[PDB]
């Protein structure tokens, strides 16, 4: 998971809503699958892929490399966007190649079907 500092503690919910609009798109039947979530654990904040949360609930699930590239590039994009800082000193994919994602704008939002993948 990636350790994260937010600027102000309200922001957790802003970040949570923004992650709703970042994932694998099915641009044909306009469905977008949420990839990563924000969790606070033991006081520190983290960007977590949906599979790590499935792993946290006991499921023997393993991220793929495509999966952790996706997570690292969503975390780096929200940093680019100035919404999270990635706590210094972690080893991450900082240049993508392998799977990328779709970001939907807050007003394309309701035109799209937002489906959380955390095998609901």
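Positions refer to the first chain, counted from 1.
A summary of the deposited B-factors shows that, of 47-55 and 26-34, the stretch with the larger mean C-alpha value is 26-34. Set 103-111 against 8-16 and average the Cα temperature factors; 8-16 ends up higher. Of all the options 69, 84, 63, 77, the entry's greatest CA B-factor is assigned to 84. Looking at the C-alpha B-factors along this chain, the one for residue 42 belongs to the highest third.
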